[PDB]
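Colleague: Structure file model-v7.cif (mmCIF, C-alpha atoms; chains and numbers go by the auth columns) is given on the next line.
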```
data_target
loop_
_atom_site.group_PDB
_atom_site.id
_atom_site.type_symbol
_atom_site.label_atom_id
_atom_site.label_comp_id
_atom_site.label_asym_id
_atom_site.label_seq_id
_atom_site.Cartn_x
_atom_site.Cartn_y
_atom_site.Cartn_z
_atom_site.B_iso_or_equiv
_atom_site.auth_seq_id
_atom_site.auth_asym_id
ATOM 1 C CA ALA A 1 -160.237 15.835 -96.900 0.00 1290 D
ATOM 2 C CA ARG A 2 -161.439 12.242 -97.235 0.00 1291 D
ATOM 3 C CA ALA A 3 -161.610 11.079 -93.630 0.00 1292 D
ATOM 4 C CA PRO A 4 -160.839 7.389 -93.012 0.00 1293 D
ATOM 5 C CA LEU A 5 -163.555 4.936 -92.048 0.00 1294 D
ATOM 6 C CA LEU A 6 -162.260 4.577 -88.484 0.00 1295 D
ATOM 7 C CA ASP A 7 -162.682 8.339 -88.086 0.00 1296 D
ATOM 8 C CA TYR A 8 -166.402 8.096 -88.857 0.00 1297 D
ATOM 9 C CA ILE A 9 -166.695 5.028 -86.616 0.00 1298 D
ATOM 10 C CA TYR A 10 -165.246 6.930 -83.669 0.00 1299 D
ATOM 11 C CA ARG A 11 -167.381 9.982 -84.464 0.00 1300 D
ATOM 12 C CA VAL A 12 -170.511 7.819 -84.317 0.00 1301 D
ATOM 13 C CA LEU A 13 -169.330 6.151 -81.105 0.00 1302 D
ATOM 14 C CA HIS A 14 -168.697 9.559 -79.525 0.00 1303 D
ATOM 15 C CA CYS A 15 -172.167 10.700 -80.580 0.00 1304 D
ATOM 16 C CA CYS A 16 -173.647 7.561 -79.017 0.00 1305 D
ATOM 17 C CA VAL A 17 -171.785 7.948 -75.724 0.00 1306 D
ATOM 18 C CA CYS A 18 -172.465 11.694 -75.403 0.00 1307 D
ATOM 19 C CA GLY A 19 -175.729 12.365 -77.240 0.00 1308 D
ATOM 20 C CA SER A 20 -177.458 12.494 -80.616 0.00 1309 D
ATOM 21 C CA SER A 21 -177.909 16.273 -80.395 0.00 1310 D
ATOM 22 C CA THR A 22 -175.206 18.931 -79.845 0.00 1311 D
ATOM 23 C CA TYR A 23 -173.558 17.946 -83.154 0.00 1312 D
ATOM 24 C CA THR A 24 -175.003 19.807 -86.148 0.00 1313 D
ATOM 25 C CA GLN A 25 -171.932 20.454 -88.305 0.00 1314 D
ATOM 26 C CA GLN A 26 -173.880 18.425 -90.912 0.00 1315 D
ATOM 27 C CA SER A 27 -170.903 18.508 -93.295 0.00 1316 D
ATOM 28 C CA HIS A 28 -168.591 15.624 -92.374 0.00 1317 D
ATOM 29 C CA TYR A 29 -168.990 15.085 -88.618 0.00 1318 D
ATOM 30 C CA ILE A 30 -171.512 12.239 -88.998 0.00 1319 D
ATOM 31 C CA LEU A 31 -171.889 9.934 -91.986 0.00 1320 D
ATOM 32 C CA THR A 32 -175.440 9.970 -93.360 0.00 1321 D
ATOM 33 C CA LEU A 33 -177.481 7.439 -95.309 0.00 1322 D
ATOM 34 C CA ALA A 34 -177.371 9.405 -98.572 0.00 1323 D
ATOM 35 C CA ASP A 35 -173.570 9.117 -98.598 0.00 1324 D
ATOM 36 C CA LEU A 36 -173.817 5.353 -99.182 0.00 1325 D
ATOM 37 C CA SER A 37 -175.405 5.846 -102.616 0.00 1326 D
ATOM 38 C CA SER A 38 -173.281 4.616 -105.514 0.00 1327 D
ATOM 39 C CA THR A 39 -173.628 3.114 -108.985 0.00 1328 D
ATOM 40 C CA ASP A 40 -174.915 -0.267 -107.755 0.00 1329 D
ATOM 41 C CA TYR A 41 -176.360 0.532 -104.323 0.00 1330 D
ATOM 42 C CA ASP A 42 -179.602 2.404 -103.635 0.00 1331 D
ATOM 43 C CA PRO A 43 -180.037 3.085 -99.890 0.00 1332 D
ATOM 44 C CA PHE A 44 -183.764 3.862 -100.340 0.00 1333 D
ATOM 45 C CA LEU A 45 -185.193 0.754 -101.982 0.00 1334 D
ATOM 46 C CA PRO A 46 -188.985 0.450 -101.618 0.00 1335 D
ATOM 47 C CA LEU A 47 -190.215 -1.814 -98.833 0.00 1336 D
ATOM 48 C CA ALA A 48 -193.649 -3.065 -97.801 0.00 1337 D
ATOM 49 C CA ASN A 49 -194.404 -2.648 -94.106 0.00 1338 D
ATOM 50 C CA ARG B 1 -130.029 34.003 -54.610 0.00 1446 W
ATOM 51 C CA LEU B 2 -132.602 34.663 -51.883 0.00 1447 W
ATOM 52 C CA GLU B 3 -131.894 38.409 -51.815 0.00 1448 W
ATOM 53 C CA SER B 4 -132.514 38.972 -55.530 0.00 1449 W
ATOM 54 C CA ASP B 5 -136.099 39.618 -56.605 0.00 1450 W
ATOM 55 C CA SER B 6 -135.835 38.246 -60.170 0.00 1451 W
ATOM 56 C CA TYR B 7 -135.060 34.655 -59.121 0.00 1452 W
ATOM 57 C CA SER B 8 -137.279 31.569 -58.961 0.00 1453 W
ATOM 58 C CA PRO B 9 -136.414 27.943 -58.198 0.00 1454 W
ATOM 59 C CA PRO B 10 -135.310 25.906 -61.229 0.00 1455 W
ATOM 60 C CA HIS B 11 -138.409 23.702 -61.134 0.00 1456 W
ATOM 61 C CA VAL B 12 -140.508 26.853 -61.582 0.00 1457 W
ATOM 62 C CA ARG B 13 -138.436 27.661 -64.671 0.00 1458 W
ATOM 63 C CA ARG B 14 -139.038 24.145 -65.998 0.00 1459 W
ATOM 64 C CA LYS B 15 -142.776 24.416 -65.312 0.00 1460 W
ATOM 65 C CA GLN B 16 -142.994 27.746 -67.142 0.00 1461 W
ATOM 66 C CA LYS B 17 -141.046 26.299 -70.075 0.00 1462 W
ATOM 67 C CA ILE B 18 -143.392 23.296 -70.224 0.00 1463 W
ATOM 68 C CA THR B 19 -146.442 25.570 -70.170 0.00 1464 W
ATOM 69 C CA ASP B 20 -144.934 27.662 -72.974 0.00 1465 W
ATOM 70 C CA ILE B 21 -144.257 24.521 -75.029 0.00 1466 W
ATOM 71 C CA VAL B 22 -147.851 23.379 -74.513 0.00 1467 W
ATOM 72 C CA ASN B 23 -149.207 26.774 -75.569 0.00 1468 W
ATOM 73 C CA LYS B 24 -146.986 27.030 -78.653 0.00 1469 W
ATOM 74 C CA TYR B 25 -147.165 23.420 -79.877 0.00 1470 W
ATOM 75 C CA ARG B 26 -150.466 21.808 -78.851 0.00 1471 W
ATOM 76 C CA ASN B 27 -152.628 20.198 -81.525 0.00 1472 W
ATOM 77 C CA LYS B 28 -156.207 21.448 -81.924 0.00 1473 W
ATOM 78 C CA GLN B 29 -158.181 18.248 -82.484 0.00 1474 W
ATOM 79 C CA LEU B 30 -161.527 16.904 -81.343 0.00 1475 W
ATOM 80 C CA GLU B 31 -161.940 13.674 -79.392 0.00 1476 W
ATOM 81 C CA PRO B 32 -162.850 11.486 -82.419 0.00 1477 W
ATOM 82 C CA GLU B 33 -160.004 13.101 -84.365 0.00 1478 W
ATOM 83 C CA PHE B 34 -157.506 12.072 -81.662 0.00 1479 W
ATOM 84 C CA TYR B 35 -158.237 8.342 -81.356 0.00 1480 W
ATOM 85 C CA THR B 36 -157.587 7.800 -85.066 0.00 1481 W
ATOM 86 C CA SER B 37 -154.186 9.455 -84.610 0.00 1482 W
ATOM 87 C CA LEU B 38 -152.958 6.543 -82.478 0.00 1483 W
ATOM 88 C CA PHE B 39 -153.627 3.902 -85.135 0.00 1484 W
ATOM 89 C CA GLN B 40 -151.893 5.835 -87.920 0.00 1485 W
ATOM 90 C CA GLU B 41 -148.231 4.942 -88.291 0.00 1486 W
ATOM 91 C CA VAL B 42 -145.439 7.412 -87.538 0.00 1487 W
ATOM 92 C CA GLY B 43 -141.846 7.840 -88.651 0.00 1488 W
ATOM 93 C CA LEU B 44 -142.592 8.053 -92.384 0.00 1489 W
ATOM 94 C CA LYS B 45 -143.822 11.661 -92.242 0.00 1490 W
ATOM 95 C CA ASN B 46 -140.608 12.967 -93.824 0.00 1491 W
ATOM 96 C CA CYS B 47 -140.347 9.878 -96.067 0.00 1492 W
ATOM 97 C CA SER B 48 -143.913 9.514 -97.391 0.00 1493 W
#
```
As structure tokens - that is how I would like this structure written.
Modeller:
Amino acid sequence: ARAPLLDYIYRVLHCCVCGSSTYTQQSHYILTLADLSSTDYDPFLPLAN
Amino acid sequence: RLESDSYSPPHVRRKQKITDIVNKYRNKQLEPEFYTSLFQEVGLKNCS
């Protein structure tokens, strides 16, 4: 099911308060960068260091 | 009442009933899944 945005916000906050590890469901528990990709948004644009 | 062996005070009956209700009706949700429940509206479950 399509979880609401506040759900992901609280998931990320819980991960921050508890720890980055110990959460490897890797399905929907944490929103990842690749999820942001859409028709007019590339989350991996080239950059020069 | 004191003589009988199958009798307990009424508050014990209420406590056992409450424990049974908790066991048979609790919601299995994680911590992040519970905070978002508060913000969601209620009362329209049978209407929407």
Colleague: Provide as a list in words the residues of chain W at most 7 Å from chain D, counting all atoms listed in the file.
Modeller: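 Every residue of chain W that passes the 7 Å test is in residues 1477, 1478 and 1481 of chain W.
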Colleague: Enter the distance from atom CA of residue 1472 of chain W to atom CA of residue 1310 of chain D, in Å, rounded to one decimal.
Modeller: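 Separating atom CA of residue 1472 of chain W from atom CA of residue 1310 of chain D is a distance of 25.6 Å.
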Colleague: Rounded to one decimal place, report the atom CA of residue 1486 of chain W-atom CA of residue 1290 of chain D distance in Å.
Modeller: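 Rounded to one decimal, the two atoms are 18.4 Å apart.
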Colleague: Grab all the atoms of segment 1305-1316 of chain D that the file lists, wrap them in a box along x, y and z, add 4 Å per side, and give me centre plus edge lengths in Å (one decimal) as JSON.
Modeller:
```
{"center_x": -174.4, "center_y": 14.0, "center_z": -84.3, "size_x": 15.0, "size_y": 20.9, "size_z": 25.9}
```
Colleague: Could you check how far atom CA of residue 1306 of chain D sits from atom CA of residue 1480 of chain W, in Å to one decimal?
Modeller: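 Between atom CA of residue 1306 of chain D and atom CA of residue 1480 of chain W the gap works out to 14.7 Å.
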Colleague: Any idea what's packed within 10 Å of residue 1323 of chain D, counting all atoms listed in the file, ignoring anything in its chain fewer than 3 positions away? Could you give it as a ChimeraX atom specification?
Modeller: /D:1320,1326-1327,1331-1333
Colleague: Those residues with C-alpha atoms, as a short mmCIF file (atom, residue, chain, number, x, y, z; two decimals), in the frame of the given file please?
Modeller:
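Once written, part.cif looks like this:
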```
data_model
loop_
_atom_site.label_atom_id
_atom_site.label_comp_id
_atom_site.auth_asym_id
_atom_site.auth_seq_id
_atom_site.Cartn_x
_atom_site.Cartn_y
_atom_site.Cartn_z
CA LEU D 1320 -171.89 9.93 -91.99
CA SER D 1326 -175.40 5.85 -102.62
CA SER D 1327 -173.28 4.62 -105.51
CA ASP D 1331 -179.60 2.40 -103.64
CA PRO D 1332 -180.04 3.08 -99.89
CA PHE D 1333 -183.76 3.86 -100.34
#
```
